[PDB]
Amino acid sequence: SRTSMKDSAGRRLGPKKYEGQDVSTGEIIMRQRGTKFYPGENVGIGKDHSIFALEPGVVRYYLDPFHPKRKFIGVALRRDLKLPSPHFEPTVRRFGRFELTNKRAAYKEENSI
Amino acid sequence: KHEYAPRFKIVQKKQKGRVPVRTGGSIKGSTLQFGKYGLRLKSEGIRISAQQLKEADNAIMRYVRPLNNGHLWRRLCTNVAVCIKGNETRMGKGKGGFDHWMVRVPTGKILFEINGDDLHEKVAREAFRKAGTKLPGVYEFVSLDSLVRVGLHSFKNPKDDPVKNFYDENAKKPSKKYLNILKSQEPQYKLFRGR
RNA sequence: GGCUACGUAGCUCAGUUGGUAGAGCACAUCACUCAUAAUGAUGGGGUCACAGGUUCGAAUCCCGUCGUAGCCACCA
RNA sequence: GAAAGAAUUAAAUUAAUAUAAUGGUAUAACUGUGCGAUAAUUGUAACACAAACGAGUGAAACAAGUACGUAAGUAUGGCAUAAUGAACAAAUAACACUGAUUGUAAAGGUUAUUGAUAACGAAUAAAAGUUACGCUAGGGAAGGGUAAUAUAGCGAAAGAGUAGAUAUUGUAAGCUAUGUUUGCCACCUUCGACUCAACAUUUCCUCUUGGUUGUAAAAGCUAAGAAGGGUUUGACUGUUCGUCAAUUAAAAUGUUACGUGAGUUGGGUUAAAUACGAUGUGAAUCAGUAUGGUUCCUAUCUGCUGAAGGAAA
RNA sequence: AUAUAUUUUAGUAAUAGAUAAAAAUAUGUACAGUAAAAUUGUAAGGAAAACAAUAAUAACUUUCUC
RNA sequence: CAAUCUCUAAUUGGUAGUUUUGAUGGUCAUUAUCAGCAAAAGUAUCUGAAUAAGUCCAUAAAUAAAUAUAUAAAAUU
RNA sequence: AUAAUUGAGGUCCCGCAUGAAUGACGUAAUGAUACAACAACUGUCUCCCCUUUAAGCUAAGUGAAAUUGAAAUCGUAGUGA
RNA sequence: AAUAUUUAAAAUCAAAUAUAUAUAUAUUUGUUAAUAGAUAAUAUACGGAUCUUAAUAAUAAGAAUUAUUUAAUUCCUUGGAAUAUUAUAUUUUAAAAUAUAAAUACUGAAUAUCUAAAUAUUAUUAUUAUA
RNA sequence: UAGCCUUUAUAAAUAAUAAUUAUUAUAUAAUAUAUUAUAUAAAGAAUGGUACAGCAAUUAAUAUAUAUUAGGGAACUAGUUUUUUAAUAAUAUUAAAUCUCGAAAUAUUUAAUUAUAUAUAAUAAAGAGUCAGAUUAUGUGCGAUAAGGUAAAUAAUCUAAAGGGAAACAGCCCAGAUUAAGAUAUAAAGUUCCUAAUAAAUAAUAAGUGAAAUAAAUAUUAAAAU
Ligand SMILES: [Mg+2]
Ligand SMILES: [Mg+2]
Ligand SMILES: [Mg+2]
Ligand SMILES: [Mg+2]
Ligand SMILES: [Mg+2]
Ligand SMILES: [Mg+2]
Ligand SMILES: [Mg+2]
Ligand SMILES: [Mg+2]
Ligand SMILES: [Mg+2]
Ligand SMILES: [Mg+2]
Ligand SMILES: [Mg+2]
Ligand SMILES: [Mg+2]
Ligand SMILES: [Mg+2]
Ligand SMILES: [Mg+2]
Ligand SMILES: [Mg+2]
Ligand SMILES: [Mg+2]
Ligand SMILES: [Mg+2]
Ligand SMILES: [Mg+2]
Ligand SMILES: [Mg+2]
Ligand SMILES: [Mg+2]
Ligand SMILES: [Mg+2]
Ligand SMILES: [Mg+2]
Ligand SMILES: [Mg+2]
Ligand SMILES: [Mg+2]
Ligand SMILES: [Mg+2]
Ligand SMILES: [Mg+2]
Ligand SMILES: [Mg+2]
Ligand SMILES: [Mg+2]
Ligand SMILES: [Mg+2]
Ligand SMILES: [Mg+2]
Ligand SMILES: [Mg+2]
Ligand SMILES: [Mg+2]
Ligand SMILES: [Mg+2]
Ligand SMILES: [Mg+2]
Ligand SMILES: [Mg+2]
Ligand SMILES: [Mg+2]
Ligand SMILES: [Mg+2]
Ligand SMILES: [Mg+2]
Ligand SMILES: [Mg+2]
Ligand SMILES: [Mg+2]
Ligand SMILES: [Mg+2]
Ligand SMILES: [Mg+2]
Ligand SMILES: [Mg+2]
Ligand SMILES: [Mg+2]
Ligand SMILES: [Mg+2]
Ligand SMILES: [Mg+2]
Ligand SMILES: [Mg+2]
Ligand SMILES: [Mg+2]
Ligand SMILES: [Mg+2]
Ligand SMILES: [Mg+2]
Ligand SMILES: [Mg+2]
Ligand SMILES: [Mg+2]
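Just so you know, the protein sequences line up as chains A and B, in that order.
Counting from 35, one number per residue, gives the positions in the first sequence under full-length UniProt numbering.
Counting from 38, one number per residue, gives the positions in the second sequence under full-length UniProt numbering.
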């Protein structure tokens, strides 16, 4: 006899973060083999086509008319925003830094070049 | 010619599966298409082997060949390759070797069809009864006026079921993808896509 | 991974301590004969194993890899 | 009205992708071309995915430097998912950290790199068999289920039957029953002979009966009822079986722990002895052959065969 | 026309285009483009060598012109 | 010479201590892809694989390409 | 050879898988060896019967054993580790 | 009557529900039975008895099987109303009239409630003497 | 070792569990062809590719007095027709573990809201046991659409669960024993007797069919409808 008793395990390749879900920077929204979902707004894409969040926000799945026949995952900076954002409106940006109210810290920062 | 022995280039073993109980009301291959009289399954969905089908065909032929311009349309092909282990062997230790070809036959499906120039219906009926004596199901004579079997105890006329243009229906109640495409086609996106 | 010493002709084998293409060997034609064949004579093919230097001058020395294997190392 | 350009629409990812298969890829991830050959770079890497640990995967950002690009920017190897191996012990460098009295040293550490443990989380640098002379600890880590097969039946009837499928026969395929065979499952850890048999009926004989151009008669053949009675003795073999001989009305087929070893036997199967053929380097071994060869039991209960006592008559 | 001198040419070698599915540098970056099959043909050429051809121009810009 | 002591080497079932994986009648043990897998993920068996893997690909197509020819300058001549 | 022989002896040689001191082959004698045949004999058997003594049984005396969860311990069918 | 199919509510018709509503639209429901085939070994084996109805004749039985149902029957919107039934009482001549009731089928667990008791926790009290 | 269990605690604590809202369309009304409110309909934010459904592309199967490409015959004087042989096309019809162009429900799953707080999650410090499982139902692999078989997936029970029902019964149908009590509601299952509890209605059966473990093709006899 000779049996075909050999197989790899399942690659855990679902969506790891869902519509309306809060995200943090670095977090993986999708694991996939090839771009089933394309990286949308405020979202990066890795070597393994893994969509990850570039900013803190709300994960949103959407279609964009500019790219028909392509699904997108992006991260809205608030829950208020429809994440296929209006084209000619200005981009919702995050400053994401804090001023150094502390005097010593500010001085150190000024010194550093 | 090849209905009882398919010529798949890459011959391969197959899982057992199940005979499809067509819960949605299929009526596909459950209608007289080629001939005047036919033989349909009447019982629960069943597997018919290649050999059995061949024997049924042969039985039918005895009546068909004497006819002027006599014809037999074999409606189903034995597409599923069945392997078997021996009764001699123990359980486990791989899968058995190829044995025969077989077809999964839903409840309502037509198996055969005939039409001669000088074919009286009684003779055809007799032939089909004799064909049925060799097959594992319980079978039924079907004429062009006789209506389509769906369930075990249920019936249907295809003439009744409605005609629909599905593009129009889609337009009426559109999917998200379709809407996105339509938007893309519009000028405020098509001009500024910048490819 | 390092270190060897060998691989001329279709076969067998010289040659080797430098100034070389040589031998009989099985193979195809003539030859003496009543007719074979033993024996006598026709010729046969070598990049002197892939491939570079030193002496006008190395098949032979110094070798770049190729091969047969053999050896050491590492072997936790 | 014409020419040229910009192109758009439709189709396509069936080609091509270093390589399997899958997903993705023309907005190309595919292909061509310039430069280049750098990012197949150096320190910190949060946060996620995955996840027992060991590991694995994606990766924002900060800092040093590099390449291309007018710029925006892009590059921490390859469209993605394989391409792998722990410690210990050695080895090579760099580091300037320790330097066993002090100074050097040795030796150890840090950082980088090296070769394999494929039984692939790797027990050792290094290990095969045999026992029917065996031993200890434990585990069970014919009956039951099934009915493929087997046996029997049914439906339909190709076809034999001098003619007519259905007197008799009945391909291959169809639908069942049985638990009598050979299997499968793993809940459950002795063949034959003698003796005595009980039960079944799917009846071999005997009784009744239907059919039989194939019942003239007589012998038969086939089918229905029928289990009352009956159903073998020898040669060969351990055999059941089988071959034959002589009989018989007939020499039916099963079930009963393939009835019956606390009833007998022990020829077969079987351990120790031994030999032969084959297998093995060998000890020894064998879906082999042969000679020899170990269990016993006063009956408590049930049950059955007989026999008493007591009793409510 | 011929002699010498001093030079120059002749080492004769493919790409001529940001080349684009013959083969060749498989990682970076920048710019650009589209394959395949099938069909109709064509010197040897034949089922099978190579080359050609094979979806639609509404609107827009520029140019010439009635 | 040989014998004995000490060191060193060859040989050894003569003799002693050990061992003889897990799964199977030589084949499977690690990794990847699809199905099985039942529209998230996961999912087994001596399940089916035209299964595939223990890799492959790099230091290279160079040099030259602005002040030049006789003479004189050096506000580019 | 037997009424009838998977046994025995003789002979043949596709010796699955004989063979010469793991000796080869054929004899005389020997053997509580193994197998087969003939004779004679018989209770081995057809087919058992009768008899004898020691037990068995009863009475007297002495007085075991293995075993034993507890037992007020029937048949059949069904069920059920 | 005869021949030949089908055994069906898809269509069709009928009936019911829901939206505008004497109609339309949408939905839901309604389409055979018996026998034979039939079958092994301790003993009939629905768990057993037994169950299939019958006038004369009962103050009285009449599936204890299969299928669709109800809780006396019929309309109206679980509820009321009417109808006869059954039982009883009263009055009149064994009958008639009047009225009261029964209509909530029942059995059924160590389920739940009630009824009491115990412990533990949460939240309120009372009495007695980290109060 | 993780999973599941236990003990003791911790909070700028509800982060847990369940459902709703979220969408699309219609009608009506009010503002500026758009927005809000109200009502109704629609398996109703996001993710998906199984059933079903389908034959598109892939892989397979069938048919054409149809067309083309050649071949084998065949009749008249190389040309031509017919009866065709395969392939390709066209048209019609079909199916698949590794086909899905359509496509559910269950599912995964997010925010806020409401409801569960005599309740959950999370974290901290500590103790375990377990790693032989079984059956039933559904969807599969293996087996023969065999097994009280084997292998896993989901749920339940048994395991460790007594009580009622299923004749008897680990796994089925109900239901979870703190101790009693026994009036009232009951569950599953029952109500001629054994045995706690019953009366009716309309049909059908006559075979003891059947009456708590439904046996098939087929045959005969009826019965309806056309
Ligand atoms: Mg997988
Ligand atoms: Mg289908
Ligand atoms: Mg692909
Ligand atoms: Mg997780
Ligand atoms: Mg970790
Ligand atoms: Mg690549
Ligand atoms: Mg690349
Ligand atoms: Mg080690
Ligand atoms: Mg020192
Ligand atoms: Mg191991
Ligand atoms: Mg291991
Ligand atoms: Mg070992
Ligand atoms: Mg022995
Ligand atoms: Mg059995
Ligand atoms: Mg005939
Ligand atoms: Mg047959
Ligand atoms: Mg009988
Ligand atoms: Mg007679
Ligand atoms: Mg009698
Ligand atoms: Mg026996
Ligand atoms: Mg006994
Ligand atoms: Mg031997
Ligand atoms: Mg003896
Ligand atoms: Mg030893
Ligand atoms: Mg898939
Ligand atoms: Mg899967
Ligand atoms: Mg999944
Ligand atoms: Mg003989
Ligand atoms: Mg004898
Ligand atoms: Mg032999
Ligand atoms: Mg010898
Ligand atoms: Mg010898
Ligand atoms: Mg002696
Ligand atoms: Mg008693
Ligand atoms: Mg309807
Ligand atoms: Mg019986
Ligand atoms: Mg009962
Ligand atoms: Mg209680
Ligand atoms: Mg633990
Ligand atoms: Mg909440
Ligand atoms: Mg699938
Ligand atoms: Mg799809
Ligand atoms: Mg799912
Ligand atoms: Mg286990
Ligand atoms: Mg255990
Ligand atoms: Mg089991
Ligand atoms: Mg236990
Ligand atoms: Mg529990
Ligand atoms: Mg219980
Ligand atoms: Mg309780
Ligand atoms: Mg009965
Ligand atoms: Mg029964």
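Beta carbons are placed, not taken as given, at the ideal position from N, Cα and C, and that holds for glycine.
Below 9 Å on C-beta distance, what does B:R230 contact in chain A? On the second sequence, residue 230 of chain B is found 193 positions in, with the first residue counted as 1. Result: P99, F100, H101.
What's the C-alpha gap between A:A110 and B:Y215? Translated into positions along the first sequence, residue 110 of chain A becomes position 76. Translated into positions along the second sequence, residue 215 of chain B becomes position 178. The straight-line gap from Cα to Cα measures roughly 24 Å.
Any Cβ of chain B within less than 7 Å of the Cβ of A:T125? Position 91 of the first sequence, counted from the first residue, corresponds to residue 125 of chain A. With 7 Å as the cut-off, A:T125 does not count as an interface residue toward chain B.
Selection from B:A96, B:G145, B:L76 that minimises the alpha carbon distance to B:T60: Translated into the one-based positions of the second sequence, residue 60 of chain B becomes position 23. Nearest option by C-alpha distance: B:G145.
Suppose contacts are defined by Cβ-Cβ distances below 7 Å. Is A:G68 in contact with A:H83 by that definition? The sequence position of residue 68 of chain A within the first sequence is 34, counting from 1. The sequence position of residue 83 of chain A within the first sequence is 49, counting from 1. Yes, the pair counts as a contact, with Cβ atoms nearer than the cut-off.
Report the rounded CA-to-CA distance for B:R186 versus B:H39, giving the unit in angstroms. Numbered from 1 along the second sequence, position 149 holds the residue referred to as residue 186 of chain B. Numbered from 1 along the second sequence, position 2 holds the residue referred to as residue 39 of chain B. Taking the straight line from one Cα to the other gives about 28 Å.
Give a yes or no on whether the minimum CB-CB distance between B:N217 and chain A is below 7 Å. Residue numbering aside, residue 217 of chain B sits at position 180 when the second sequence is read from its first letter. At least one chain A Cβ lies under 7 Å of B:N217.
Same chain, Cβ closer than 6 Å to B:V142, five either side skipped, listed in chain order: Taking the first residue of the second sequence as position 1, residue 142 of chain B is located at position 105. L78, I83, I85, listed in sequence order.
Using a cut-off of 8 Å between C-beta atoms, extract the partners of A:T37 located in chain B. Start at 1 with the first residue of the first sequence, and residue 37 of chain A comes out as number 3. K130, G131, listed in chain order.
Does B:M128 come out as helix, strand or coil in the three-state DSSP assignment? Sequence index remark: in the second sequence, residue 128 of chain B carries index 91 (1-based). DSSP places B:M128 in coil when its eight states are reduced to three.
Could you tell me which uninterrupted alpha helix (DSSP H) segments, each at least 4 residues in length, are contained entirely in the region 171-221 of chain B, listed from first to last along the chain? 203-209
Cβ atoms of B:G188 and B:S80: under 7 Å apart, would you say? By one-based count along the second sequence, residue 80 of chain B stands at place 43. By one-based count along the second sequence, residue 188 of chain B stands at place 151. Taking 7 Å as the Cβ cut-off, B:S80 and B:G188 do not qualify as a contacting pair.
What does a CB cutoff of less than 7 Å around A:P90 pick up in its chain, not counting 5 residues either side in sequence? Residue numbering aside, residue 90 of chain A sits at position 56 when the first sequence is read from its first letter. Contacts found: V57, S58, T59.
Tell me where the alpha helix (DSSP H) around B:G169 begins and ends. Stepping through the second sequence from its first residue, residue 169 of chain B is reached at position 132. Looking at the DSSP string, the run of the alpha helix (DSSP H) that includes B:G169 is 158-169.
Quick one: grab the DSSP three-state call for B:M98. On the second sequence, position 61 is the one that residue 98 of chain B refers to. Here B:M98 sits in helix by DSSP.
Please indicate yes or no: does the CB of B:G134 lie closer than 6 Å to some heavy atom of ligand 1? Counting from one through the second sequence, the residue named residue 134 of chain B turns up at place 97. No, the Cβ of B:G134 stays beyond 6 Å of every heavy atom of ligand 1.
Within its chain, find whatever has a CB closer than 7 Å to the CB of B:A168; leave out the 5 residues flanking it on each side and keep chain order. Working through the second sequence from its first residue, we reach residue 168 of chain B at position 131. Cβ neighbours of B:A168 beyond the five flanking positions: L76, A93, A96, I97, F149.
For chain A, is any of its Cβ atoms less than 7 Å away from the one on B:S212? Position 175 of the second sequence, counted from the first residue, corresponds to residue 212 of chain B. For B:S212, the answer is no, since every Cβ of chain A falls outside 7 Å of its Cβ.
Within 7 Å of any Cβ in chain A, is that where the Cβ of B:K220 sits? Taking the first residue of the second sequence as position 1, residue 220 of chain B is located at position 183. Closer than 7 Å to some Cβ of chain A, the Cβ of B:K220 qualifies, so yes.
Applying the criterion that 16 or more other CB atoms from any shown protein chain within 10 Å of the CB defines a buried residue, is A:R94 buried or exposed? Within the first sequence, the letter at position 60 stands for residue 94 of chain A. The C-beta of A:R94 has 16 or more other C-beta atoms within 10 Å across all chains shown, which makes the residue buried.
Using a C-beta to C-beta distance shorter than 9 Å, which residues of chain B count as neighbours of A:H121? If you number the first sequence from 1, residue 121 of chain A lands on position 87. Neighbours of A:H121 on chain B, chain order: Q225, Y226, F229.
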